[PDB]
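**Student:** target_14.cif is reproduced below (mmCIF, N, CA, C and O atoms).
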data_entry
loop_
_atom_site.label_atom_id
_atom_site.label_comp_id
_atom_site.auth_asym_id
_atom_site.auth_seq_id
_atom_site.Cartn_x
_atom_site.Cartn_y
_atom_site.Cartn_z
N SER A 1 -84.66 -95.21 -159.09
CA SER A 1 -83.40 -94.59 -159.53
C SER A 1 -83.51 -93.99 -160.93
O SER A 1 -82.62 -94.16 -161.76
N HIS A 2 -84.62 -93.28 -161.20
CA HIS A 2 -84.90 -92.71 -162.51
C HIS A 2 -84.20 -91.35 -162.64
O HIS A 2 -83.99 -90.67 -161.64
N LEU A 3 -83.85 -90.96 -163.86
CA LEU A 3 -83.14 -89.73 -164.15
C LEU A 3 -84.16 -88.61 -164.36
O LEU A 3 -84.58 -88.34 -165.48
N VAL A 4 -84.55 -87.95 -163.26
CA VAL A 4 -85.49 -86.83 -163.30
C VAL A 4 -84.70 -85.55 -163.48
O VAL A 4 -83.66 -85.37 -162.84
N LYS A 5 -85.16 -84.66 -164.36
CA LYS A 5 -84.45 -83.44 -164.70
C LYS A 5 -84.33 -82.53 -163.48
O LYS A 5 -85.29 -82.37 -162.72
N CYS A 6 -83.14 -81.94 -163.29
CA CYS A 6 -82.84 -81.06 -162.17
C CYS A 6 -83.73 -79.82 -162.21
O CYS A 6 -83.97 -79.26 -163.28
N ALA A 7 -84.22 -79.38 -161.04
CA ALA A 7 -84.98 -78.14 -160.91
C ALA A 7 -84.06 -76.97 -161.26
O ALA A 7 -82.85 -77.12 -161.23
N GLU A 8 -84.62 -75.80 -161.60
CA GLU A 8 -83.84 -74.65 -162.05
C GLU A 8 -82.69 -74.25 -161.11
O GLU A 8 -81.60 -73.93 -161.57
N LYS A 9 -82.94 -74.29 -159.80
CA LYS A 9 -81.93 -74.03 -158.78
C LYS A 9 -80.72 -74.98 -158.89
O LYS A 9 -79.61 -74.61 -158.52
N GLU A 10 -80.94 -76.19 -159.41
CA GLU A 10 -79.95 -77.25 -159.57
C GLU A 10 -79.51 -77.45 -161.02
O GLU A 10 -78.47 -78.06 -161.23
N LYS A 11 -80.26 -76.99 -162.03
CA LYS A 11 -79.90 -77.28 -163.42
C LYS A 11 -78.56 -76.64 -163.81
O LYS A 11 -77.91 -77.09 -164.75
N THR A 12 -78.15 -75.61 -163.07
CA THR A 12 -76.89 -74.91 -163.25
C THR A 12 -75.70 -75.72 -162.72
O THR A 12 -74.56 -75.40 -163.04
N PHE A 13 -75.97 -76.78 -161.93
CA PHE A 13 -74.97 -77.71 -161.43
C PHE A 13 -74.06 -78.23 -162.55
O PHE A 13 -72.90 -78.52 -162.30
N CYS A 14 -74.59 -78.33 -163.77
CA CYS A 14 -73.84 -78.71 -164.96
C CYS A 14 -74.06 -77.64 -166.02
O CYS A 14 -75.20 -77.42 -166.45
N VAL A 15 -72.97 -76.99 -166.42
CA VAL A 15 -72.98 -75.86 -167.33
C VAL A 15 -72.71 -76.30 -168.77
O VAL A 15 -72.71 -77.50 -169.07
N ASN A 16 -72.51 -75.33 -169.67
CA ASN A 16 -72.23 -75.53 -171.09
C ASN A 16 -73.29 -76.42 -171.74
O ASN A 16 -72.96 -77.36 -172.47
N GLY A 17 -74.56 -76.11 -171.47
CA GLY A 17 -75.70 -76.86 -171.99
C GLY A 17 -75.82 -78.26 -171.40
O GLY A 17 -76.51 -79.10 -171.97
N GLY A 18 -75.14 -78.54 -170.27
CA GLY A 18 -75.14 -79.86 -169.67
C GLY A 18 -76.53 -80.22 -169.14
O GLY A 18 -77.05 -79.52 -168.27
N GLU A 19 -77.12 -81.30 -169.66
CA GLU A 19 -78.48 -81.70 -169.33
C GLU A 19 -78.46 -82.42 -167.99
O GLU A 19 -78.21 -83.62 -167.93
N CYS A 20 -78.72 -81.67 -166.92
CA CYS A 20 -78.66 -82.13 -165.54
C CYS A 20 -79.87 -82.98 -165.17
O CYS A 20 -81.01 -82.55 -165.37
N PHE A 21 -79.61 -84.17 -164.62
CA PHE A 21 -80.62 -85.07 -164.08
C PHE A 21 -80.17 -85.49 -162.68
O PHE A 21 -79.03 -85.23 -162.28
N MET A 22 -81.08 -86.12 -161.93
CA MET A 22 -80.88 -86.54 -160.56
C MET A 22 -81.43 -87.95 -160.42
O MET A 22 -82.47 -88.26 -161.00
N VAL A 23 -80.72 -88.81 -159.68
CA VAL A 23 -81.08 -90.22 -159.55
C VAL A 23 -82.14 -90.34 -158.45
O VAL A 23 -81.82 -90.43 -157.27
N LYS A 24 -83.41 -90.32 -158.86
CA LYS A 24 -84.58 -90.31 -158.00
C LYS A 24 -84.80 -91.66 -157.31
O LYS A 24 -85.40 -92.56 -157.88
N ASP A 25 -84.31 -91.77 -156.07
CA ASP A 25 -84.51 -92.91 -155.19
C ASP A 25 -84.31 -92.43 -153.75
O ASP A 25 -83.49 -91.56 -153.50
N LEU A 26 -85.08 -93.00 -152.82
CA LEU A 26 -85.09 -92.59 -151.42
C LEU A 26 -83.92 -93.23 -150.67
O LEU A 26 -84.12 -94.09 -149.81
N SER A 27 -82.70 -92.80 -151.00
CA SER A 27 -81.49 -93.22 -150.31
C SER A 27 -80.45 -92.10 -150.37
O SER A 27 -79.98 -91.63 -149.34
N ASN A 28 -80.09 -91.68 -151.59
CA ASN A 28 -79.09 -90.65 -151.82
C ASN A 28 -79.65 -89.26 -151.48
O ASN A 28 -80.87 -89.07 -151.55
N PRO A 29 -78.80 -88.29 -151.14
CA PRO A 29 -79.22 -86.91 -150.91
C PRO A 29 -79.85 -86.32 -152.18
O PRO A 29 -81.03 -85.97 -152.17
N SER A 30 -79.06 -86.21 -153.26
CA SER A 30 -79.41 -85.65 -154.55
C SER A 30 -78.25 -85.92 -155.51
O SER A 30 -77.69 -84.99 -156.09
N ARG A 31 -77.87 -87.20 -155.68
CA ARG A 31 -76.76 -87.56 -156.55
C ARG A 31 -77.14 -87.25 -158.00
O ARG A 31 -78.19 -87.67 -158.48
N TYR A 32 -76.27 -86.49 -158.68
CA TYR A 32 -76.51 -85.99 -160.02
C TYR A 32 -75.98 -86.93 -161.11
O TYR A 32 -75.10 -87.75 -160.87
N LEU A 33 -76.56 -86.78 -162.30
CA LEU A 33 -76.18 -87.47 -163.52
C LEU A 33 -76.43 -86.47 -164.65
O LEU A 33 -77.58 -86.16 -164.94
N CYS A 34 -75.36 -85.95 -165.27
CA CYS A 34 -75.46 -84.91 -166.28
C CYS A 34 -75.09 -85.46 -167.65
O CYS A 34 -73.96 -85.89 -167.87
N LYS A 35 -76.05 -85.44 -168.59
CA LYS A 35 -75.81 -85.82 -169.97
C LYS A 35 -75.23 -84.58 -170.64
O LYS A 35 -75.94 -83.78 -171.25
N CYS A 36 -73.91 -84.41 -170.50
CA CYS A 36 -73.20 -83.23 -170.97
C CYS A 36 -73.02 -83.24 -172.48
O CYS A 36 -73.12 -84.28 -173.13
N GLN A 37 -72.75 -82.05 -173.03
CA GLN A 37 -72.58 -81.85 -174.46
C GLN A 37 -71.26 -82.50 -174.90
O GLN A 37 -70.33 -82.59 -174.11
N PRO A 38 -71.18 -82.96 -176.16
CA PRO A 38 -70.01 -83.66 -176.66
C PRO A 38 -68.81 -82.71 -176.70
O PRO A 38 -68.78 -81.77 -177.49
N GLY A 39 -67.82 -82.98 -175.83
CA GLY A 39 -66.57 -82.27 -175.76
C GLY A 39 -66.46 -81.42 -174.49
O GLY A 39 -65.95 -80.30 -174.55
N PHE A 40 -66.91 -81.95 -173.34
CA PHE A 40 -66.77 -81.31 -172.04
C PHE A 40 -66.33 -82.33 -170.99
O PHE A 40 -66.57 -83.53 -171.14
N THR A 41 -65.68 -81.84 -169.93
CA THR A 41 -65.15 -82.64 -168.83
C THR A 41 -65.20 -81.82 -167.54
O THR A 41 -65.35 -80.60 -167.56
N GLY A 42 -65.06 -82.53 -166.42
CA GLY A 42 -65.17 -82.00 -165.07
C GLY A 42 -66.53 -82.40 -164.50
O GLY A 42 -67.45 -82.71 -165.25
N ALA A 43 -66.65 -82.39 -163.16
CA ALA A 43 -67.88 -82.76 -162.46
C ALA A 43 -69.08 -81.95 -162.97
O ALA A 43 -70.16 -82.50 -163.16
N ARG A 44 -68.87 -80.64 -163.19
CA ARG A 44 -69.88 -79.71 -163.66
C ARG A 44 -69.79 -79.48 -165.18
O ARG A 44 -70.47 -78.59 -165.69
N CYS A 45 -68.97 -80.25 -165.91
CA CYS A 45 -68.78 -80.13 -167.35
C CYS A 45 -68.42 -78.69 -167.73
O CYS A 45 -69.00 -78.11 -168.65
N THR A 46 -67.45 -78.14 -167.01
CA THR A 46 -66.99 -76.76 -167.09
C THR A 46 -65.89 -76.62 -168.14
O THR A 46 -65.90 -75.65 -168.90
N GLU A 47 -64.95 -77.58 -168.19
CA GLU A 47 -63.80 -77.50 -169.07
C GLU A 47 -64.14 -78.13 -170.41
O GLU A 47 -64.58 -79.28 -170.45
N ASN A 48 -63.92 -77.39 -171.50
CA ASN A 48 -64.09 -77.91 -172.85
C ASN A 48 -62.87 -78.75 -173.21
O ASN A 48 -61.76 -78.46 -172.77
N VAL A 49 -63.07 -79.81 -174.01
CA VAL A 49 -62.02 -80.67 -174.52
C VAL A 49 -62.12 -80.72 -176.05
O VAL A 49 -63.16 -80.33 -176.59
N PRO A 50 -61.08 -81.18 -176.76
CA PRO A 50 -61.03 -81.16 -178.22
C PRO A 50 -62.20 -81.83 -178.93
O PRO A 50 -62.34 -83.05 -178.93
N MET A 51 -63.04 -80.99 -179.54
CA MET A 51 -64.16 -81.38 -180.39
C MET A 51 -63.60 -81.50 -181.81
O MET A 51 -63.83 -82.48 -182.52
N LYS A 52 -62.85 -80.46 -182.18
CA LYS A 52 -62.09 -80.29 -183.41
C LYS A 52 -60.61 -80.56 -183.09
O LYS A 52 -60.31 -81.13 -182.04
N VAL A 53 -59.69 -80.15 -183.97
CA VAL A 53 -58.25 -80.25 -183.72
C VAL A 53 -57.88 -78.97 -182.98
O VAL A 53 -57.12 -78.13 -183.47
N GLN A 54 -58.48 -78.85 -181.78
CA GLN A 54 -58.46 -77.74 -180.85
C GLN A 54 -57.04 -77.46 -180.34
O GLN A 54 -56.69 -77.75 -179.20
N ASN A 55 -56.24 -76.89 -181.24
CA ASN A 55 -54.82 -76.63 -181.07
C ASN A 55 -54.33 -75.85 -182.30
O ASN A 55 -53.56 -74.90 -182.16
N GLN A 56 -54.79 -76.23 -183.50
CA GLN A 56 -54.51 -75.53 -184.74
C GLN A 56 -55.50 -74.37 -184.87
O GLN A 56 -56.35 -74.36 -185.76
N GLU A 57 -55.38 -73.40 -183.97
CA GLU A 57 -56.22 -72.20 -183.96
C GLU A 57 -56.00 -71.38 -185.23
O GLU A 57 -56.91 -70.69 -185.68
N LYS A 58 -54.79 -71.46 -185.80
CA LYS A 58 -54.43 -70.84 -187.06
C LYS A 58 -55.24 -71.43 -188.21
O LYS A 58 -55.66 -70.70 -189.11
N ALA A 59 -55.46 -72.76 -188.20
CA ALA A 59 -56.23 -73.44 -189.22
C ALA A 59 -57.69 -72.96 -189.18
O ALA A 59 -58.18 -72.51 -188.15
N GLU A 60 -58.37 -73.08 -190.33
CA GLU A 60 -59.73 -72.60 -190.53
C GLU A 60 -60.77 -73.57 -189.95
O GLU A 60 -61.79 -73.84 -190.57
N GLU A 61 -60.50 -74.08 -188.74
CA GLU A 61 -61.41 -74.93 -187.99
C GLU A 61 -62.42 -74.06 -187.22
O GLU A 61 -63.56 -74.46 -187.03
N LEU A 62 -61.97 -72.88 -186.78
CA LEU A 62 -62.78 -71.92 -186.05
C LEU A 62 -63.77 -71.26 -187.01
O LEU A 62 -64.97 -71.20 -186.73
N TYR A 63 -63.25 -70.76 -188.15
CA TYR A 63 -64.02 -70.09 -189.19
C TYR A 63 -63.41 -70.43 -190.54
O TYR A 63 -64.17 -70.89 -191.42
#
Take the structure from the file and write it as structure tokens.

**Tutor:**
Amino acid sequence: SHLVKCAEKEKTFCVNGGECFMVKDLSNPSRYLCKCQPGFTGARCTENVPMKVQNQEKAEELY
């Protein structure tokens, strides 16, 4: 059940720099485990979540 890195065809399974791995054992089809970047959510780590005070867009948090 080791975390082997997803092949290129599968590495896109987790986006936004999501480090896609697969639980290598002869039972599951290809169950994924993605070490996603800090501040993402969803199965594919598609939706960003508050890293900063991601609401005060007026505040100089962006730039």

**Student:** Once DSSP has gone over the backbone, tell me which residues of chain A are in helix (DSSP H, G or I), as a list in words.

**Tutor:**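 Of chain A, the ones in helix (DSSP H, G or I) are residues 8, 9, 10 and 11 of chain A.
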
**Student:** Keeping only N, CA, C and O atoms, write those residues as a PDB file, in the frame of the given file.

**Tutor:**
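Result saved to again-v8.pdb:
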ATOM      1  N   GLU A   8     -84.620 -75.800-161.600  1.00  0.00           N
ATOM      2  CA  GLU A   8     -83.840 -74.650-162.050  1.00  0.00           C
ATOM      3  C   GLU A   8     -82.690 -74.250-161.110  1.00  0.00           C
ATOM      4  O   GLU A   8     -81.600 -73.930-161.570  1.00  0.00           O
ATOM      5  N   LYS A   9     -82.940 -74.290-159.800  1.00  0.00           N
ATOM      6  CA  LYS A   9     -81.930 -74.030-158.780  1.00  0.00           C
ATOM      7  C   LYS A   9     -80.720 -74.980-158.890  1.00  0.00           C
ATOM      8  O   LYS A   9     -79.610 -74.610-158.520  1.00  0.00           O
ATOM      9  N   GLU A  10     -80.940 -76.190-159.410  1.00  0.00           N
ATOM     10  CA  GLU A  10     -79.950 -77.250-159.570  1.00  0.00           C
ATOM     11  C   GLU A  10     -79.510 -77.450-161.020  1.00  0.00           C
ATOM     12  O   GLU A  10     -78.470 -78.060-161.230  1.00  0.00           O
ATOM     13  N   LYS A  11     -80.260 -76.990-162.030  1.00  0.00           N
ATOM     14  CA  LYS A  11     -79.900 -77.280-163.420  1.00  0.00           C
ATOM     15  C   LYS A  11     -78.560 -76.640-163.810  1.00  0.00           C
ATOM     16  O   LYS A  11     -77.910 -77.090-164.750  1.00  0.00           O
TER      17      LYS A  11
END

**Student:** Could you tell me, as number ranges by chain, exactly which residues end up selected when the PyMOL selection byres ((chain A and resi 6) around 8) is applied to this structure?

**Tutor:** A: 3-5, 7-12, 19-22, 33

**Student:** Can you work out which one of A:1, A:16, A:46, A:54 has the shortest atom-to-atom distance to residue 32 in chain A, counting only C-alpha atoms?

**Tutor:**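 Looking at the shortest contact to residue 32 in chain A, the residue is A:1.
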
**Student:** Please compute the atom C of residue 53 in chain A-atom N of residue 35 in chain A distance, one decimal, in Å.

**Tutor:**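 If I compute the distance from atom C of residue 53 in chain A to atom N of residue 35 in chain A, I get 24.1 Å.
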
**Student:** Which distance in Å separates CA of residue 58 in chain A and CA of residue 38 in chain A, to one decimal?

**Tutor:**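 Atom-to-atom, CA of residue 58 in chain A to CA of residue 38 in chain A, that is 22.7 Å.
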
**Student:** Give me, please, the distance in Å between CA of residue 47 in chain A and CA of residue 62 in chain A, quoted to one decimal.

**Tutor:** 17.9 Å

**Student:** Go through chain A and collect every residue that DSSP, computed from the backbone, puts in strand (DSSP E); the answer should be as a ChimeraX atom specification.

**Tutor:** /A:2-5,19-24,32-35,40-41,47-48

**Student:** My list of candidates is A:61, A:23, A:56, A:15. Which is closest to residue 41 in chain A when distances are computed with only C-alpha atoms?

**Tutor:**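 For residue 41 in chain A, the nearest of the given residues is A:15.
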
**Student:** Box for range 35-39 of chain A: with edges along x, y and z, all listed atoms inside and 5 Å added on each side, what are the centre and edge lengths in Å to one decimal, as AutoDock Vina command-line options?

**Tutor:**
--center_x -71.0 --center_y -83.1 --center_z -173.0 --size_x 20.1 --size_y 15.5 --size_z 18.9
